[PDB]
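Protein chains: 4
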Amino acid sequence: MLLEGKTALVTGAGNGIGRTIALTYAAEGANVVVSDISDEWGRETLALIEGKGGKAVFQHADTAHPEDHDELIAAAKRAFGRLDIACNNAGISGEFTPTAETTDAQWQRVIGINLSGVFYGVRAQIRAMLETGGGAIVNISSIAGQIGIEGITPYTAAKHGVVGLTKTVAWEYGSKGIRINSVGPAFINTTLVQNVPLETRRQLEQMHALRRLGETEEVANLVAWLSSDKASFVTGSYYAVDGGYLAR
Amino acid sequence: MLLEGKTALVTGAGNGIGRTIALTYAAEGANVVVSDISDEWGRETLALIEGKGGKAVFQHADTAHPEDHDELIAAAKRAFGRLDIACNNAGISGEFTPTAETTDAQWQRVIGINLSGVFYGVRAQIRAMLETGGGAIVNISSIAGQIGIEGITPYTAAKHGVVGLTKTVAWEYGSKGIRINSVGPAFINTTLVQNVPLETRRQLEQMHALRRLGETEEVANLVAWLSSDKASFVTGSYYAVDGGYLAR
Amino acid sequence: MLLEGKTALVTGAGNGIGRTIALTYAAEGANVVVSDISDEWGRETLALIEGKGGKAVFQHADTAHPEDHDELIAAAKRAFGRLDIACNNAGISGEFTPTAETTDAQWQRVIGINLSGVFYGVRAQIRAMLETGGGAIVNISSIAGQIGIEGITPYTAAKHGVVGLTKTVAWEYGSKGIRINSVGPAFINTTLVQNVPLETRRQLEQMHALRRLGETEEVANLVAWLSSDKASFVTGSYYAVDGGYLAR
Amino acid sequence: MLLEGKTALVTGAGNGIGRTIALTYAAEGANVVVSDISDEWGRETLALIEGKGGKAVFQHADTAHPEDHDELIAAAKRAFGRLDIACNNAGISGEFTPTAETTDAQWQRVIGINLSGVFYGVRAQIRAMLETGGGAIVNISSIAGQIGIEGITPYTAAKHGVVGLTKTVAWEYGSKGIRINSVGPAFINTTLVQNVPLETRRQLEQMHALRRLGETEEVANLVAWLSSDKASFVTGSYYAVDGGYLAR
Ligand SMILES: [Mg+2]
Ligand SMILES: [Mg+2]
């Protein structure tokens, strides 16, 4: 086990990559504070964990609301005594819309969830970890944190911004035992990409060196490693899980 | 003359890098729409342009307000008939504050000006330029768009976000006559920077391979070149003007 | 056990990072072909592996000689029957010498070992792995594959070259069952580094966000993970183990 | 004029991007030392320059031979008194060959010309510039200095290596007034790409945001700017001229 005895929080854990991250953290021996804006999906992730003999609680949060992060910290300390690990996993892309046609609401919503929500989490997490001797934070960025993808200017800006805030936090808090890294998935086999046409999926697949999409466990495995004491010299860094996407 | 007969917009043109960009645009023959949140400062840059025989007007805009960008486009159209070039110069980093102590207001203000304001500007500028055959946009990022600087998490996030949205927009509009690139200054001898102790400047200087700080004209020269038809194969890219800061 | 039943080759395995990589591979259950230019050092690493109950052999190779790579493949095939994993660990930077004073012999030696030797190894390893269904290759680069370090132009060139050839090979062989990635250590507490003055180490330490040097096990842990089936969506990519060095 | 009164050397100047660089340097007012391994092509470039009223000489060099660089320096000092500017422009890709099939001679030849030849030039140039108060060096890298291109492992490694050696030289010599930068062209309309099929050229074109190939003047214009006093805060940096290639 990678994470025996450690307490981990995961945001956006009711579905997709966040759900797998939560399940993997618990399989690696972590106590997990599952969070999602959906109570139904969040509680289902919790039930998944408990059904496999893991230790977890569910706490609702809208990560775009600063105040909800304090409730997350509170839940961790109350259930498990300390926060060792946090994963800021978040929103989706939004709809594909050219920049000239992108509305204020699209820009604001994507920025809110995928960038501001990460800052608010990271700020609360740091505070908590500083009390119990440090810890490890992983921010889920994207390949869109390194390259651009047409139609999703807001997400690209957000995901780049996550890569940046990882860098400055690493230097601000490295002395004090907080590691922080970003993870950059490419296209992963989750709901949204499952609903598009075989032709479009083949097109996406062909943008990867491995010529397939990734699985959520392939991302989670990385996240779990970066969250572990095996990663103790790893901070301020972007870790792709991109099947070679960025390499061409 | 790199820019004879062109019409350029410069945001944050009231002082520092943005003032010099505006002057250098006029010196290279462009008509200039001077913008700034401060009307007094914006009017001053206009006065310096006009003093040398340049053609310019001033138009107030709060670039954090989406609607004010329409007034800038309109001013360009009213004074000179079209928009050929835009430089989104944006602002400053705010006070150095570690992430765990950075307030909601700090985060929201710096994001709003240095990231959202650039998106609202790029959006408006694309729309305008598409009416008359295209043009060139230069976004001023920072070294902070590529590395972290302790104490300015919000600015680092924003400036990384700027590098990302440049990439997307370049692919979205590359066939439609629009080039867009980002510029990454390091520490530049502005009035703000001038006042810090010879010791602290000696510390900033030593972070550059040239072992000095840059001048605003060294930034503006690059911006002018990137805005010109000499740069006709240059798009989607980040151009440091950093005296070697990123190279170590 | 990340690597049960796998057979791994490690070059430059006689000491430092390469010795620890080899041990950690054996500890994770792989058979290990130990290689090094120094037979005494290579035999020592073999002895430490065998002492713990690991399965290993030693095979001399000068990795700068293309033909010696054939002897390494053959040793893997003779002792364990196939090659599943290879780590091209390569060497050291040589003496710090400014570019204008760097000799032909310095340039040619460092390029030969740290760049050409990696290409000859990757070439041989690809050929071998293609015979039995594929495998995983990890190239040890450096922070010097992403930034410059004064006095080691040849090493900087080589280590950047390693990051590049990783990218190409990943696309060339990604459909044929081969993953390849690069690892970028910063300054690591090897015997070489251990002997430098507490002052000079304090200067190297301060260049890392963790404000210390790394341990060879912190590098090897990453290498082992990247060599394993947990890393099944990871290819073409650079994975720092740099304690935050690149983040400023 | 950008370069009035300055003396510039260009390598690989008998054809393609190097020839255009030479012609542009001379149009910008520089005295030019044209160099190529082909005397015939080299002398034709010289005649082009002289026919437009420029000042230049031709000096043969094989840039893979260290000794030939001393002859280049000697020619500059003898004809024009000093070296202000140098452009290390070089070889070609070689044949497209998968890594497992690439021979020792292919790896050695491409590395020799595109990497070692750049180091040997840079080493000689530094020495010369240090005598007359510094200057500016531009290294022609490629998009292959940032990404991988299947079939050209040697060129990818070489072009990455050029990006790296630019970084360390910038820091070693920034104090002493030497600027050094790399330029990264994408696919440019030169002989080799002119001879491939419309279908293949359309495929290449489609890898650029501008959806066309670049022209040699678009590259030279950049090189000339980076070689000029307008670029005085620009060093250690990679400047794409890639039509947006790297941005996706
Ligand atoms: Mg790409
Ligand atoms: Mg740095």
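In order, the protein sequence lines correspond to chains A, B, B' and A'. A prime marks a further copy of an entry chain.
The first sequence runs 1 to 248 under the entry's author numbering.
The second sequence runs 1 to 248 under the entry's author numbering.
The third sequence runs 1 to 248 under the entry's author numbering.
The fourth sequence runs 1 to 248 under the entry's author numbering.
The beta-carbon is built from N, C-alpha and C at its ideal position, and this holds for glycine as well.
Closer than 9 Å at the beta carbon, the chain B' residues around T102/A': Here the neighbours are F119 and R123.
Span of the alpha helix (DSSP H) around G184/A': Where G184/A' is concerned, there is no enclosing alpha helix (DSSP H), although the beta strand (DSSP E) it sits in stretches over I178 to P185.
Check: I147/B' C-beta below 8 Å from any heavy atom of ligand 2: Correct: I147/B' has its Cβ closer than 8 Å to ligand 2.
Cross-chain neighbours of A136/B' in chain A, by beta carbon under 7 Å: Correct list: empty, because the minimum Cβ distance to chain A is about 12 Å.
When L9/A, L23/A, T45/A and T103/A are compared against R78/A, the one with the closest alpha-carbon: If we check each option's Cα against that of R78/A, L9/A comes out closest.
Short CB-CB distance (under 9 Å) between residue 249/B and chain A: Outside the shown range of chain B, which is 1 to 248, sits residue 249/B, and nothing can be said about it.
Distance cut-off 8 Å: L204/A Cβ against heavy atoms of ligand 1: No; taking the cut-off as 8 Å, the Cβ of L204/A has no heavy atom of ligand 1 nearer than that.
Near ligand 2: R212/A' beta-carbon under 8 Å from a heavy atom: No; taking the cut-off as 8 Å, the Cβ of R212/A' has no heavy atom of ligand 2 nearer than that.
Endpoints, alpha helix (DSSP H) assigned at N221/A': Boundaries of the alpha helix (DSSP H) around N221/A': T216 to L226.
Residue from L226/B, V223/B, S93/B and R127/B with nearest C-alpha to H160/B: Per the Cα distances, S93/B.
Uninterrupted beta strand (DSSP E) stretches inside the region 53 to 89 of chain B' (no shorter than 3 residues): With a minimum length of 3 residues, the continuous beta strand (DSSP E) runs that stay inside the region 53 to 89 of chain B' are 56 to 60 and 85 to 88.
Cα-Cα separation, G244/A' to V162/B: The straight-line gap from Cα to Cα measures roughly 16 Å.
Whether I149/B touches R211/B' by CB criterion (9 Å): Not a contact, by the Cβ cut-off of 9 Å.
Any alpha helix (DSSP H) of 4 or more consecutive residues that is wholly inside the region 97 to 137 of chain B: Taking only runs of at least 4 residues, the alpha helix (DSSP H) segments lying wholly in the region 97 to 137 of chain B are 104 to 111 and 117 to 131.
The beta strand (DSSP E) enclosing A8/B', as first and last residue numbers: Element bounds for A8/B': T7 to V10.
Closer than 8 Å at the beta carbon, the chain A' residues around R82/B': None at all; the shortest Cβ gap to chain A' is about 17 Å.
Cross-strand partners of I140/A (DSSP beta bridge): Note: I140/A sits in a beta bridge opposite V183/A.
Members of the region 137 to 150 of chain B near chain A, C-beta cut-off 8 Å: Against chain A - using a Cβ distance shorter than 8 Å - the residues of the region 137 to 150 of chain B are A144, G145, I147, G148, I149 and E150.
Distance, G164/A' Cα to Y155/B' Cα: Each residue's alpha carbon lies about 9 Å from the other.
Helix, strand or coil at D242/A' [DSSP, three-state]: Residue state, collapsed to three classes: coil.
C-beta contact flag for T63/A and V33/A at 9 Å: No, the Cβ-Cβ distance between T63/A and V33/A is not below 9 Å.
Terminal residues of the beta strand (DSSP E) in which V33/A lies: Segment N31 to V34, the beta strand (DSSP E) holding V33/A.
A64/A at chain B interface by Cβ criterion, 9 Å: At a cut-off of 9 Å, the C-beta of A64/A has no neighbouring C-beta in chain B.
Touching by the beta-carbon criterion (3+ pairs, under 8 Å), the region 111 to 129 of chain A and the region 96 to 104 of chain B: Enough Cβ pairs lie closer than 8 Å, so yes.
Outcome for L3/A' when other beta-carbon atoms lying within 10 angstroms are tallied against a minimum of 16: Classification of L3/A': buried, given that the 10 Å Cβ count is 16 or more.
Near ligand 3: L46/B' beta-carbon under 8 Å from a heavy atom: With respect to ligand 3, the structure shown offers nothing to examine, as its ligands consist of ligand 1 and ligand 2.
Span separating the alpha-carbon of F58/A from that of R82/A: In this model, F58/A and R82/A are separated by some 16 Å (Cα to Cα).
CB contact below 9 Å: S175/B versus chain A: Closer than 9 Å: no.
Straight-line Cα distance separating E28/A from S175/B': Looking at the two C-alpha atoms, the distance is approximately 31 Å.
Per DSSP, the bridge partner or partners of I188/B': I188/B' has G214/B' as its beta-bridge partners, per DSSP.
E71/B': contacting residues in chain A' (beta-carbon distance under 9 Å): Per Cβ cutoff of 9 Å: no residues; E71/B' is ~16 Å from chain A' at best.
Residue 249/A', buried or exposed, once every other Cβ within 10 Å from all chains shown has been counted against 16: As shown, chain A' starts at 1 and ends at 248. That puts residue 249/A' outside it, with no answer to give.
Local Cβ density within 10 Å of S38/B, reported as buried at 16 or more and exposed below that: It counts as exposed.
Three-state secondary structure (DSSP) of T235/A': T235/A': coil per DSSP, three-state reduction.
Cα-Cα separation, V223/B to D84/B': Rounded to the nearest angstrom, the two C-alpha atoms are 51 Å apart.
Proximity to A144/B' [Cα-Cα], best of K167/B', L23/B' and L246/B': Checking every option, the nearest Cα to that of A144/B' belongs to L246/B'.
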